[PDB]
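Before any questions on how it binds or moves, here is one chain, the form deposited in one PDB entry, in structure tokens.
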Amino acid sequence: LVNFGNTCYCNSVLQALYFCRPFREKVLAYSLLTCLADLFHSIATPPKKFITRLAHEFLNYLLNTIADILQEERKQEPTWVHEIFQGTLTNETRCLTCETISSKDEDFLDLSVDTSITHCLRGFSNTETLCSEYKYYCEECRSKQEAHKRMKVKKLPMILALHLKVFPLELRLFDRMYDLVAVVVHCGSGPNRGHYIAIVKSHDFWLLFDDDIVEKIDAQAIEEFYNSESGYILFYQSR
């Protein structure tokens, strides 16, 4: 018996993903993936029952499972999940004793951050001090020392799936502009409070999926009305 998590959360992720057009096109043109395929076919040919057609954080679980599916049936025969979602981050670690900086790159399908969104992604993020019982083993000092850890984005993905655990409609990363296309959020108030919701960009207006009802809402009803279990999710598509 396995728990995918909060129902509304998972449905909101699925809905947000449908309005990531390149992800939509490639699944439509395609396990857990076959079910995802059939579900999206239905939508393109009831929202509250999306997840049923199919707890670790669901989105990351979903993308990685597709990544593994596509990496494997590639092996028998840059998977498309990677070319849409994959970015690269760099983790800097600075020993505070020798002040040597070491760098480690990491691939990601989605990105977590704990200032502003724009200031985060353009500069450094997730600053963390390693100390006390969890010091850093420094290879220069050959011993445990205090360290400062921080994250910078090295390669921006086609679609940036950003976990925040005040959001701008457009993102300027100068060299790349990003447009908000989907939001997964647990509202504190407004007429959708109580559970996770998906707010999506469709053509040139915004839709809001609440349980079983899709409804248009005015731009900047968004930041005019929108406390969470798994934070909230921002999907940015580059222009």
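Numbers follow the displayed sequence, beginning with 1. For clarity, a rigid core is taken as the largest C-alpha set superposing within 1.5 Å between two forms.
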Going from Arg142 to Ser143, the deposited residues skipped in the model number none
Here the number of deposited-sequence residues unresolved in the coordinates between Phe174 and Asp175 is 4 to 9
Taking the deposited Cα B-factors and averaging over 32-40 and over 179-187, the higher mean is found in 32-40
Entry B factor averaged over C-alpha atoms, 117-125 against 82-90: higher for 117-125
Note to self: of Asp107, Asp110, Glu133, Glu72, the C-alpha temperature factor tops out at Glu72
Assert third(CA B-factor, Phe209) within chain per record equals middle
Tertile call for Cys95 (CA temperature factor, within chain, third-based) is the lowest
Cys138: CA B-factor among chain residues, third -> lowest
Chain thirds by Cα B factor, record data; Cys20 belongs to the middle
Of the three thirds of the chain ranked by Cα temperature factor, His195 occupies the lowest
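If you look for the form deposited in another entry, you will not find it shown, but the lines that follow are about it.
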### Query
Taking the rigid core as reference, does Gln86 move its C-alpha 2 Å or further between the shown form and the other one?
no
Core fit, then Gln71 C-alpha moves 2 Å or more between the shown form and the other one
no
**Q.** C-alpha of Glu99 moved at least 2 Å between the shown form and the other one on rigid core
**A.** yes
What changes in the other entry is the Cα distance between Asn60 and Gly190, by 3 Å or more; the two atoms are closer
The CA atoms of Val13 and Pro191 move 3 Å or more in the other entry, ending up closer
